[PDB]
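In what follows, a single structure is set out as structure tokens and then discussed.
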Amino acid sequence: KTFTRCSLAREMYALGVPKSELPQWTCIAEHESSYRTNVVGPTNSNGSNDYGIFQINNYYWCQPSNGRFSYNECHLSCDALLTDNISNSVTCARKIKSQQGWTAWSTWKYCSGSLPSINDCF
């Protein structure tokens with residue numbers, strides 16, 4: 001359904017995301033999806049749609065079920081990114097960050113500075 005900052009931070013930590021990244025990840029989730037896992041974004045200017053808690057793009061990262069071309073760099077259906085279990089979204093998001101950096105997210109501009117410590121989540 002909907003995470004909170006700390007529930008998301010805890011789960012992402014459990015899935016191997018370092019704490020030193022969590023404020024950024026949760027800030028991004030908050031902006032992208034308001035921590036909702038099942039959201040498909042409004043269609044973008046290029047006709048693409050973004051999926052899930054991190055609003056991961058269906059032209060680059062996941063394969064639309066409709067078979068429309070995607071680079072599918074995360075190697076999963078976009079529907080895999082809408083599941084209650086965030087593991088797929090996390091693994092994909094980490095890949096996106098590895099390859100493209102935080103600036104892959106348009107909302108990074110809001111999350112690139114001072115952020116609250118995540119320690120209160122732990």
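Starting from 1 in every chain, residues are counted up; chains themselves are A, B, ... following the order of the structure tokens, and ligands are numbered from 1 as listed.
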Which residues are close to residue A:37, i.e. within 6 Å by only C-alpha atoms, leaving aside same-chain residues fewer than 2 positions away? Reply as a count of residues only. 5
Hey, what's within 12 Å of residue A:107 if we count only C-alpha atoms and toss same-chain stuff fewer than 5 positions away? As an NGL selection string, please? :A and (24-34 or 54-55 or 102 or 112)
Residue selection dump (N, CA and C atoms) as a PDB file, in the first residue's frame:
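What follows is the written file again-v7.pdb:
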ATOM      1  N   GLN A  24      18.084  10.046   1.211  1.00  0.00           N
ATOM      2  CA  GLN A  24      17.915  10.363  -0.209  1.00  0.00           C
ATOM      3  C   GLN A  24      16.834   9.486  -0.850  1.00  0.00           C
ATOM      4  N   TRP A  25      16.921   8.170  -0.638  1.00  0.00           N
ATOM      5  CA  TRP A  25      15.909   7.264  -1.188  1.00  0.00           C
ATOM      6  C   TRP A  25      14.491   7.603  -0.724  1.00  0.00           C
ATOM      7  N   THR A  26      14.334   7.899   0.568  1.00  0.00           N
ATOM      8  CA  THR A  26      12.989   8.179   1.066  1.00  0.00           C
ATOM      9  C   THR A  26      12.496   9.528   0.569  1.00  0.00           C
ATOM     10  N   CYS A  27      13.400  10.510   0.458  1.00  0.00           N
ATOM     11  CA  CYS A  27      13.031  11.824  -0.089  1.00  0.00           C
ATOM     12  C   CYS A  27      12.540  11.625  -1.529  1.00  0.00           C
ATOM     13  N   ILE A  28      13.280  10.842  -2.303  1.00  0.00           N
ATOM     14  CA  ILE A  28      12.883  10.549  -3.668  1.00  0.00           C
ATOM     15  C   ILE A  28      11.549   9.813  -3.716  1.00  0.00           C
ATOM     16  N   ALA A  29      11.385   8.767  -2.910  1.00  0.00           N
ATOM     17  CA  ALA A  29      10.089   8.063  -2.885  1.00  0.00           C
ATOM     18  C   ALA A  29       8.955   9.007  -2.519  1.00  0.00           C
ATOM     19  N   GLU A  30       9.209   9.877  -1.537  1.00  0.00           N
ATOM     20  CA  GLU A  30       8.155  10.777  -1.081  1.00  0.00           C
ATOM     21  C   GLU A  30       7.687  11.641  -2.232  1.00  0.00           C
ATOM     22  N   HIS A  31       8.630  12.231  -2.958  1.00  0.00           N
ATOM     23  CA  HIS A  31       8.274  13.042  -4.099  1.00  0.00           C
ATOM     24  C   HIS A  31       7.682  12.245  -5.258  1.00  0.00           C
ATOM     25  N   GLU A  32       8.260  11.091  -5.557  1.00  0.00           N
ATOM     26  CA  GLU A  32       7.850  10.353  -6.765  1.00  0.00           C
ATOM     27  C   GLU A  32       6.452   9.751  -6.600  1.00  0.00           C
ATOM     28  N   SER A  33       6.202   9.147  -5.445  1.00  0.00           N
ATOM     29  CA  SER A  33       5.036   8.292  -5.291  1.00  0.00           C
ATOM     30  C   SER A  33       4.273   8.513  -4.009  1.00  0.00           C
ATOM     31  N   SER A  34       4.756   9.426  -3.167  1.00  0.00           N
ATOM     32  CA  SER A  34       4.267   9.588  -1.790  1.00  0.00           C
ATOM     33  C   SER A  34       4.313   8.232  -1.087  1.00  0.00           C
ATOM     34  N   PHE A  54       9.336   4.220  -6.784  1.00  0.00           N
ATOM     35  CA  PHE A  54      10.404   5.069  -7.295  1.00  0.00           C
ATOM     36  C   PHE A  54      10.108   5.569  -8.691  1.00  0.00           C
ATOM     37  N   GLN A  55       8.891   5.315  -9.184  1.00  0.00           N
ATOM     38  CA  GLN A  55       8.487   5.856 -10.501  1.00  0.00           C
ATOM     39  C   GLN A  55       9.556   5.591 -11.555  1.00  0.00           C
ATOM     40  N   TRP A 102      21.941   9.560  -8.847  1.00  0.00           N
ATOM     41  CA  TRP A 102      20.733  10.129  -8.275  1.00  0.00           C
ATOM     42  C   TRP A 102      19.983  11.015  -9.266  1.00  0.00           C
ATOM     43  N   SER A 112      18.838  16.743  -2.723  1.00  0.00           N
ATOM     44  CA  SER A 112      20.278  16.673  -2.969  1.00  0.00           C
ATOM     45  C   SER A 112      21.063  17.413  -1.907  1.00  0.00           C
TER      46      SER A 112
END
Using only C-alpha atoms, pick whichever of A:18, A:63, A:12, A:23 has the shortest atom-to-atom distance to residue A:117. A:23
Env of residue A:14: 12 Å cut, atoms = only C-alpha atoms, seq-sep filter 5 positions within chain, self excluded. Answer as a list in words. residues 6, 7, 8, 9, 19, 22, 86, 87, 90 and 122 of chain A
According to DSSP computed on the backbone, where in chain A is there strand (DSSP E or B)? Give the residues as a count of residues only. 9
Calculated over only C-alpha atoms, which of the candidates A:38, A:57, A:66, A:72 has the smallest distance to residue A:105?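 Closest residue, counting only C-alpha atoms: A:57.
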Between A:46, A:89, A:83, A:114, single out the one closest to residue A:62, counting only C-alpha atoms.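 Closest candidate: A:89.
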Could you check how far atom CA of residue A:73 sits from atom CA of residue A:113, in Å to one decimal?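 Interatomic distance, atom CA of residue A:73 to atom CA of residue A:113: 28.2 Å.
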I need the residues in stretch 14-116 of chain A that are helix (DSSP H, G or I) according to DSSP; give them as a VMD selection string. chain A and resid 14 19 to 33 78 to 82 87 to 100 102 to 104 108 to 111
Would you save the residues from that selection as a PDB file, in the first residue's frame, using C-alpha atoms?
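The resulting again.pdb:
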ATOM      1  CA  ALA A  14      16.808  -4.866   5.295  1.00  0.00           C
ATOM      2  CA  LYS A  19      21.784   3.810   5.810  1.00  0.00           C
ATOM      3  CA  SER A  20      23.979   6.556   4.336  1.00  0.00           C
ATOM      4  CA  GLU A  21      21.683   6.534   1.280  1.00  0.00           C
ATOM      5  CA  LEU A  22      18.309   6.227   2.977  1.00  0.00           C
ATOM      6  CA  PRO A  23      17.358   9.864   3.512  1.00  0.00           C
ATOM      7  CA  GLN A  24      17.915  10.363  -0.209  1.00  0.00           C
ATOM      8  CA  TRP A  25      15.909   7.264  -1.188  1.00  0.00           C
ATOM      9  CA  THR A  26      12.989   8.179   1.066  1.00  0.00           C
ATOM     10  CA  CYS A  27      13.031  11.824  -0.089  1.00  0.00           C
ATOM     11  CA  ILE A  28      12.883  10.549  -3.668  1.00  0.00           C
ATOM     12  CA  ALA A  29      10.089   8.063  -2.885  1.00  0.00           C
ATOM     13  CA  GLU A  30       8.155  10.777  -1.081  1.00  0.00           C
ATOM     14  CA  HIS A  31       8.274  13.042  -4.099  1.00  0.00           C
ATOM     15  CA  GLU A  32       7.850  10.353  -6.765  1.00  0.00           C
ATOM     16  CA  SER A  33       5.036   8.292  -5.291  1.00  0.00           C
ATOM     17  CA  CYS A  78       6.875  -2.964 -15.240  1.00  0.00           C
ATOM     18  CA  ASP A  79       4.138  -4.733 -13.293  1.00  0.00           C
ATOM     19  CA  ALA A  80       6.895  -6.268 -11.133  1.00  0.00           C
ATOM     20  CA  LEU A  81       7.511  -2.714  -9.975  1.00  0.00           C
ATOM     21  CA  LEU A  82       3.993  -2.270  -8.600  1.00  0.00           C
ATOM     22  CA  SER A  87      12.406  -5.732  -3.449  1.00  0.00           C
ATOM     23  CA  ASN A  88      12.122  -5.503  -7.276  1.00  0.00           C
ATOM     24  CA  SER A  89      11.749  -1.711  -7.141  1.00  0.00           C
ATOM     25  CA  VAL A  90      14.692  -1.424  -4.752  1.00  0.00           C
ATOM     26  CA  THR A  91      16.947  -3.647  -6.815  1.00  0.00           C
ATOM     27  CA  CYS A  92      15.958  -1.735  -9.946  1.00  0.00           C
ATOM     28  CA  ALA A  93      16.341   1.702  -8.275  1.00  0.00           C
ATOM     29  CA  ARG A  94      19.835   0.764  -7.050  1.00  0.00           C
ATOM     30  CA  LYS A  95      20.742  -0.257 -10.602  1.00  0.00           C
ATOM     31  CA  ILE A  96      19.418   3.063 -11.932  1.00  0.00           C
ATOM     32  CA  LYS A  97      21.482   4.903  -9.330  1.00  0.00           C
ATOM     33  CA  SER A  98      24.565   2.813 -10.122  1.00  0.00           C
ATOM     34  CA  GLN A  99      24.295   3.529 -13.833  1.00  0.00           C
ATOM     35  CA  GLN A 100      22.842   7.020 -13.981  1.00  0.00           C
ATOM     36  CA  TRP A 102      20.733  10.129  -8.275  1.00  0.00           C
ATOM     37  CA  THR A 103      20.067  12.635 -11.092  1.00  0.00           C
ATOM     38  CA  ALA A 104      18.185   9.875 -12.909  1.00  0.00           C
ATOM     39  CA  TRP A 108      16.630  14.494  -6.915  1.00  0.00           C
ATOM     40  CA  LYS A 109      16.740  18.295  -7.172  1.00  0.00           C
ATOM     41  CA  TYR A 110      14.669  18.363  -3.966  1.00  0.00           C
ATOM     42  CA  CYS A 111      16.696  15.712  -2.203  1.00  0.00           C
TER      43      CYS A 111
END
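Take atom CA of residue A:58 and atom CA of residue A:42: the distance between them is 12.1 Å.
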Report the distance between atom CA of residue A:16 and atom CA of residue A:4 in Å, rounded to one decimal place.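 Atom-to-atom, atom CA of residue A:16 to atom CA of residue A:4, that is 18.2 Å.
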Which residues are near residue A:48? Cut-off 10 Å, only C-alpha atoms, ignore same chain within fewer than 4 positions. Put them as a PDB file with C-alpha atoms, in the first residue's frame.
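Output file result-v5.pdb is given in full below:
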ATOM      1  CA  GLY A  41       2.504   7.873 -13.134  1.00  0.00           C
ATOM      2  CA  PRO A  42       0.725  10.168 -15.564  1.00  0.00           C
ATOM      3  CA  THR A  43       1.933   9.537 -19.104  1.00  0.00           C
ATOM      4  CA  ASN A  44       5.147  11.497 -19.766  1.00  0.00           C
ATOM      5  CA  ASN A  57      10.488   4.496 -16.389  1.00  0.00           C
ATOM      6  CA  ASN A  58       9.042   1.947 -18.819  1.00  0.00           C
ATOM      7  CA  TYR A  59      11.167   3.022 -21.798  1.00  0.00           C
ATOM      8  CA  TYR A  60      14.516   2.390 -20.068  1.00  0.00           C
ATOM      9  CA  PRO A  64       5.793  -2.917 -20.651  1.00  0.00           C
ATOM     10  CA  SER A  70      11.890  -0.816 -23.751  1.00  0.00           C
TER      11      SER A  70
END
